[PDB]
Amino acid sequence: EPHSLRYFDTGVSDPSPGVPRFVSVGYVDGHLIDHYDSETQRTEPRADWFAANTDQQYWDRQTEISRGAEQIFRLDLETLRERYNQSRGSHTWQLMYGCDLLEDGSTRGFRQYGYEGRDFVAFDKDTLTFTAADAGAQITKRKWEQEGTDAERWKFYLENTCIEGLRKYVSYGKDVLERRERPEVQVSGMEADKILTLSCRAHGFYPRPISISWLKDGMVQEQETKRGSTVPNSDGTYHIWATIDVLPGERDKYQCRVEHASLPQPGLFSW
């Protein structure tokens, strides 16, 4: 029941393969919905459920805004290089903004900036204040706090326009966003030196949240479990692994336990 709309704008001073000079991308509930970059010079849809509910006027508006951002990012990279007394080279400037609809029906708004991979400045729409996360951002906090009309336009957008769009987009995406795909689980084992490494892998599940654990005689072995981060497949489903090292003679005591929204009860799996 929670939802999110987020835009990420990223500029680099020294482009490379896969890293255009400027990119702007949108995400709904973590799903990529559109893309602009400095090479294409236009914003296009990246999910057919989004494409089927938008039109040329919509994309031309996103393109005009993204072209404006691209111009601003080129100026800001040079402002930041001078702010920090840096040489020319490889630098990154980033913005993330957007809005959340939470489980209680309440909303949150975001507008935050990162320079060189570090928090720089962030806007609090509830208070109309900027917070400098780095000393070199205090000059910017003072400049941008004098721009009251612009702050009010951001507040109105984050609280109204952004959420109004998110609620529509969640409706456009219902068939994809609300789907459930079960994990396909495999247990494998490797004996090395009177150590047996048991591996449990869950494949192809959706949505992303999952619980995977190793049990000994039904008892969770949390301190002994190694687990990977949840990572995506090419079809937008997910994968996770968990391992445990056990005495080969005790192999029959161990089961992998998987819990997921697609499953009507916990999955229990033996090697």
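Throughout, we count residues from 1 along the sequence that is shown.
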Comparing average C-alpha B factors as deposited, tell me which of 223 to 231 and 58 to 66 sits higher. 223 to 231
When the C-alpha temperature factors are averaged for each of 96 to 104 and 144 to 152, which stretch ends up with the higher value in the entry? 144 to 152
Choose from 83, 125, 118, 201 the residue with the greatest Cα B-factor as stated in the PDB record. 125
Assert third(CA B-factor, residue 12) within chain per record equals lowest
Once the chain's modelled residues are ordered by C-alpha B factor and cut into thirds, is residue 247 in the lowest, middle or highest one? highest
In terms of the chain's CA B-factor thirds, is residue 173 lowest, middle or highest? highest
Pull the Cα B-factor of residue 53 out of the PDB entry and bin it into the chain's lowest, middle or highest third. highest
Residue 191 - Cα temperature factor, lowest/middle/highest third of chain: highest
